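Chain residues, written in single-letter form:
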Amino acid sequence: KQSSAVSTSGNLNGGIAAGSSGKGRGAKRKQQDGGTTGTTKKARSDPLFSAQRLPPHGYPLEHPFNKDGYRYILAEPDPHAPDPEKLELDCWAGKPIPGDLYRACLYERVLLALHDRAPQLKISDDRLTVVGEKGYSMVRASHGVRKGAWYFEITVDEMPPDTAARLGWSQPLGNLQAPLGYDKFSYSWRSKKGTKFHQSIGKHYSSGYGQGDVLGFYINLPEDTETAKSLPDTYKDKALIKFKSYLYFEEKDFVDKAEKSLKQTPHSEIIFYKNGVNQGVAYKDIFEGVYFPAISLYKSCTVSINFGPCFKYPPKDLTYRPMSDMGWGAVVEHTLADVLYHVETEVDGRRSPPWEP
Amino acid sequence: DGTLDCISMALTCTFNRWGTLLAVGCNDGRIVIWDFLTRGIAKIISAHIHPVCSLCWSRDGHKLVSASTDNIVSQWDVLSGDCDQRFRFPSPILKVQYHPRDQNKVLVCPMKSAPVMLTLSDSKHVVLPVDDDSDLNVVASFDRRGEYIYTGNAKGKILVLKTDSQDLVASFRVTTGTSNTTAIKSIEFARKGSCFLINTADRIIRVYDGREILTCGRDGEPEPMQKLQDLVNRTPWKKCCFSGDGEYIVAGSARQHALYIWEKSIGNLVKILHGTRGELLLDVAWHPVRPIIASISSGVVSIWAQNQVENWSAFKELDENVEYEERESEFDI
Amino acid sequence: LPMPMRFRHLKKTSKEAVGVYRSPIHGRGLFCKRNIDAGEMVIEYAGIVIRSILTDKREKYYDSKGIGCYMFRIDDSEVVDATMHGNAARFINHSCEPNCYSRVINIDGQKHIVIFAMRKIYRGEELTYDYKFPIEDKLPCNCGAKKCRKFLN
Ligand SMILES: Nc1ncnc2c1ncn2[C@@H]1O[C@H](CSCC[C@H](N)C(=O)O)[C@@H](O)[C@H]1O
Ligand SMILES: Nc1ncnc2c1ncn2[C@@H]1O[C@H](CSCC[C@H](N)C(=O)O)[C@@H](O)[C@H]1O
Ligand SMILES: [Zn+2]
Ligand SMILES: [Zn+2]
């Protein structure tokens, strides 16, 4: 309400368009020894310190979850995107590409991302179950599908009568306080009777659900060709912030789409299984945009997502991919995204192979 | 909490059977029968030239017994105001009391002599017995039904007689704790149930249940239902009374012109009402079927009511914030 | 004093501290019945604590019923809706010069919107605070203050 000037918080200011290329002037270059963060190349220890795990569900206490179309991710220093070699005779040959950052994820495996949960959403990493207290809420996994066919599961550990979880997929723009299907960008199942919920509309084109159901979830979206028919460029936003005691990265998320025309992604579908037994097709009409597996809680619902290598009734398809596979695929993809952005800003020129892949 | 300018020299008041009228005595010796609903005086009776210090309604409400300071007792029809009967005694009368179940009969507590029970049909009188023969100051009262007579002396002795035979049906002396007696200031009963109270010279009100005295027999040790006092100020009580139901008890601190309100079962102090620091508290009464309390102080009457949450607070009124209970289909179509 | 203890005291004294009467500001409003000190708890805007996402569904609902919305934003996630269930705080007018101010407190985990006194408020005074209503395109104000914006918005 003042002017096109300094950011809304004096805690950290990013370089405005008039202060272009202003890197986040957060912590000073003068660091303390510390000792705990003095890991070297000879030691074998994961620098991403996961919090203490507790059998009772807990809350991430100092994480400002996504809002206003503003995505929030973990940050690590990464003082140099590694390009160190011998001192070449030409002192103007190589570029260090000092991004001084990375999207390192606080996860041993592809799990339910804590960055995209509601403040009323509790997790227990003993089974990575998710639970709530009042009404409905939504959580999502770490990964997100953009093409191909894949598959995961949800295991339900507690379903009292006043406890009805919902399980399915949701694109970004999905308000994580809504019950996973209240908008047109989410398609789920209600875990009282198998009922497909989308646009808050319930449809009985489905089988029946059981209290101890280990439910399999198969979903096939077309390649990014039929998804976009154009450039699927991924120019990323990256902003450095130093929240109360830790460094984090902000990126710009998508905006609420007013899409009211139906253009289904070609040959995309969703299939639901009960313990591998085909519960049937859920949604053939699938809108564009990346999707991610999501779970909605009612009052005190206990469910958990699960990947493929520890499966119970897996499909024997050679094309579908477990949660972990697409997870590390997207992780490596965002690594290359950081690489390319630091290249763009740091070294003149860019170049990519024969487009098709 | 609301006074009346239309009456002067208020000295003693008495509710009718249903708490609709209030007969107040005045220093001129007049009865002012004032109405609650119309909030106006209903009748004026030239009772005595002498102020009236004792007033009681009849059960039908058509008779009022009045006692002048001239030792002149007189019965008056409330519709006409005529002196139905008139009697005079020695040892000026301290109190009169219609019999609750026989308005023909009326007990009278005089100053120095024993209380005597008279009838209106026949101008006879039955002198009630006195234990110690030397009290010279014994208050007496009918019970709720008029079946027994409770007489308390200046020496803490308490006799329960039967109203018809005057035979000693129970007895006990109250204690000051250690070993001493105390002047029985007054005996009050509940219009509902059987709990009654005693105001004594120790400034300590003692609440009992008459059945326990009856089963205690003569010369026993009945404990009170409750013991009530101002542990803070140690204030005497000029006049006390139950609530209409009998679960609230009020005492009038004439020392500081205040009103203490305790409960019956627990006995904890409900509240305190403060009057004009310059007013001398004289008389206290409770509305028999309302949380309304009449006070007579320095010849002026004040009214103390108690209202509910409504009269402006009645959407659906709530007191504290309510977390909405979201449903399963709360977002469903 | 502890916010819980202060809140208990406020909920005990609220019924006898304030009243509602005919108001020269507009219609009926909240007046002071006992001299209120500065910063002390005047009144809770008690009501139905709901989440923000359910506001519109309620609002349109009231819009379908012709019943005025009595909602105050607790925060970006919660709202006290007093349209159907509330307290006397639904009769606090606004003044550009308020002797009161709204603050959100946390008691035992639940948030309460309490109007406290910006200054020492005396008996008979009408209670008013800053609604801080965003600028629309116009509600005239009759608060009587010399600094009055002529419009809440
Ligand atoms: N300061 C002010 N200036 C102009 N209008 C005001 C006002 N304060 C309150 N109002 C009006 O009064 C209404 C209060 S809703 C209460 C209705 C009415 N006063 C009653 O007591 O029944 C609002 O809708 C608003 O339009
Ligand atoms: N300065 C102002 N101008 C116009 N309306 C106002 C106002 N201040 C308060 N209001 C009214 O206050 C209401 C919201 S809260 C209601 C409090 C109001 N005193 C009452 O008696 O109901 C609105 O409907 C609006 O009509
Ligand atoms: Zn104003
Ligand atoms: Zn104003």
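Cut-off values and rules
- Here the residues of each chain are numbered from 1 in the order the sequence is written, which can differ from the numbering of the entry; residues without coordinates are not included.
- Written order decides the labels, with chains lettered from A and ligands numbered from 1.
- Because the shown chains make up only part of a larger assembly, each value pertains to the shown part and nothing beyond it.
- The side-chain numbers reported here are obtained from all heavy atoms of the structure, hydrogens and water having been left aside.
- Residues with missing side-chain atoms are left out of burial classes, side-chain pairs and their counts.
- A run of DSSP states H or I qualifies as a helix once it reaches four residues; a run of E qualifies as a strand once it reaches two. Both are numbered from the N-terminal end.
- The globule rule is 2.2 Å times the number of residues to the power 0.38, and the radius of gyration it is compared with is taken over C-alpha atoms.
- Whether two residues are in contact is decided by their heavy atoms, any of which lying within 4.5 Å being enough.
- Areas reported here follow the Shrake-Rupley algorithm with a probe of radius 1.4 Å; residue values treat only the protein chains shown as occluding.
- When charges are counted, neither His nor the chain ends are considered; positive counts come from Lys and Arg and negative counts from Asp and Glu.
- In this description, the location of a charge corresponds to atom NZ of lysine, CZ of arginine, CG of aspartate or CD of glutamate.
- Salt bridges are identified by distance alone: a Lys or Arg side-chain nitrogen within 4 Å of an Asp or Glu carboxyl oxygen.
- The cut-offs for exposure are 20% and 50% of the maximum accessible area for each residue type, with area from a 1.4 Å probe on protein chains only; residues under the lower value are buried, those over the upper are exposed, and the others partly exposed.
- We call a residue near a molecule or strand when any one of its heavy atoms sits within 4 Å of it.
- Pairs of N or O atoms are called polar contacts if they sit within 3.5 Å, as long as, within protein, a hydrogen donor faces a hydrogen acceptor (for residues adjacent in sequence, only side-chain-to-side-chain pairs).
- Put simply, buried area is the surface a 1.4 Å probe can reach on two separate parts but cannot reach once they are joined, added for both.
- All amino acids are sorted into three groups, where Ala, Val, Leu, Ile, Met, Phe, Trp, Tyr, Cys and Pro are nonpolar, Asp, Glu, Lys and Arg are charged, and the leftover types, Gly among them, are polar.
- Note on pairing: two strands pair once DSSP finds at least 2 bridges between them.
- Each axis is a line fitted through C-alpha atoms, taken for helices only over the stretch in contact, and angles between the N-to-C directions span 0 to 180 degrees.
- Any nitrogen, oxygen or sulfur atom within 2.8 Å of a metal ion counts as a donor, with the limit raised to 3.2 Å for Na, K and Ca, and since water is left out, coordination shells can look unfinished.
- UniProt positions are given in the numbering used here, feature names are shortened, and annotations may be inferred rather than shown by experiment.

This deposited entry lists cryo-EM as its structure determination method and 6.2 Å as its resolution.

Now for the overall build of chain A. Assigned secondary structure in chain A consists of two helices and 16 strands. Here the C-alpha radius of gyration of chain A, 22 Å, is about what a compact globule of 357 residues would show, namely 21 Å. For chain A, the spread of C-alpha atoms along the three principal axes comes to 70 × 50 × 50 Å. Here the contacts in chain A between residues at least 6 apart in sequence split such that 71% fall between residues at least 24 apart. On chain A, roughly 20700 Å² of surface is accessible, and the fraction owed to carbon and sulfur atoms is 57%. Once the 47 positive and 43 negative side-chain charges of chain A are each reduced to a mean point, those two points are 4 Å apart.

Another point: the pattern of salt bridges. All names here are of chain A. For the coordinates displayed, the defined rule picks out 41 salt bridges over all chains. A salt bridge links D162 to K299, with the shortest nitrogen-to-oxygen separation between them at 2.7 Å. In this pair, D162 is assigned in the loop between β5 (148-158) and β6 (166-170) and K299 in the loop between β15 (292-297) and β16 (302-306), connecting sequence segments 137 residues apart. By relative accessible area, which is 42% here, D162 ends up partly exposed. Owing to a relative accessible area of 13%, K299 belongs among the buried residues under this scheme. Several salt bridges share partner residues, and in doing so they unite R71, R103, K238, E251, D253 and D338 into one network.

Residues and elements named next belong to chain C. For ligand 2, the full set of nearby residues is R28, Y70, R90, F91, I92, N93, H94, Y131, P140, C141 and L152. A distance of 3.0 Å separates an oxygen atom of ligand 2 from a polar atom in the side chain of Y70. A distance of 3.5 Å is found between a nitrogen atom of ligand 2 and a backbone nitrogen or oxygen belonging to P140. Against a free-state accessible area of 550 Å², the protein chains account for coverage of 70% of ligand 2.

What follows covers the interface of chain B and chain A. Taken residue by residue, the interface counts eight residues in chain B and 15 residues in chain A. When chain B packs against chain A, close to 960 Å² is buried across both sides, 54% of that on carbon and sulfur atoms. Among the residues of chain B in contact with chain A, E328, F331 and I333 of chain B are the three that bury the most area, contributing 60% of the side total. Linking chain B with chain A are two salt bridges. A salt bridge links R166 of chain A to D332 of chain B; the nearest nitrogen and oxygen atoms lie 3.3 Å apart. At the surface where chain B touches chain A, the tally comes to six residue pairs in polar contact. When its residues are assigned to classes, the side of chain B that touches chain A shows two nonpolar, no polar and six charged.

A few words now on the site of ligand 1. Residues and elements named next belong to chain C. Around ligand 1 lies a shell formed by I25, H26, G27, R28, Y70, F91, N93, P140, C141, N142 and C143. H26 is positioned such that a nitrogen or oxygen atom in its side chain is 3.1 Å from an oxygen atom of ligand 1. Between an oxygen atom of ligand 1 and a side-chain N or O atom of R28, the distance comes to 2.3 Å. Protein chains bury 60% of the 560 Å² of accessible surface belonging to ligand 1 in isolation. Here the residues of the shell around ligand 1 sort into six nonpolar, four polar and one charged.

All names here are of chain B. Overall, antiparallel pairing links the four strands, which are arranged β13-β14-β15-β16 in an open sheet. Each of the sheet's edge strands pairs with one partner strand only, and the pair in question is β13 (138-142) and β16 (168-173). Strand after strand, the sheet turns through a mean of 15 degrees between neighbouring axes, direction not considered. Sheet topology note: the strand β14 (residues 148-153)/strand β15 (residues 157-162) ladder contains five bridges and is antiparallel. Note that in β15 the partner of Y150 across the bridge is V160.

Moving on: the coordination of the zinc ion (ligand 3). Residue and element names in this part refer to chain C. In the first shell of the zinc ion (ligand 3), the protein supplies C96 (N) and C143 (SG), at 2.1 to 2.5 Å from the metal. Between the two metal centres, the zinc ion (ligand 3) and the zinc ion (ligand 4), the spacing is 2.0 Å, with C96 acting as a shared donor. Note on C143: relative accessible area 13%, which makes it buried.

Once that is clear, we can look at the sheet that holds strand β8 (residues 83-88) of chain B. All names here are of chain B. In spatial order, the strands read β5-β6-β7-β8; together these four strands make up an open sheet with antiparallel pairing. At either end of the open sheet lies a strand with only one pairing partner, and these are β5 (52-57) and β8. Between one strand axis and the next, the sheet turns through 15 degrees on average, direction left out of account. When strand β6 (residues 63-68) meets strand β7 (residues 72-77), the two strands line up antiparallel, connected through five bridges. When the bridges of β7 are listed, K63 appears paired with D77.

Okay, the coordination of the zinc ion (ligand 4) next. The coordination sphere of the zinc ion (ligand 4), as far as protein atoms go, consists of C96 of chain C (N) and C143 of chain C (SG), spread over 2.4 to 2.7 Å. For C96 of chain C, a relative accessible area of 12% gives the class buried.

With that settled, the discussion passes to the UniProt feature "repeat: WD" in chain B. On the UniProt side, "repeat: WD" is annotated at positions that read residues 5-46, 47-86, 131-171, 179-218, 232-274 and 276-314 of chain B here. Annotated as residues 47-86 of chain B, this span is 0% helix and 55% strand, and its ends, taken at the C-alpha atoms, are 10 Å apart.

Phi is positive for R203 of chain B, close to 60 degrees, though the residue is something other than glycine. With respect to the secondary-structure elements, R203 of chain B resides in the loop between β18 (195-200) and β19 (205-209).

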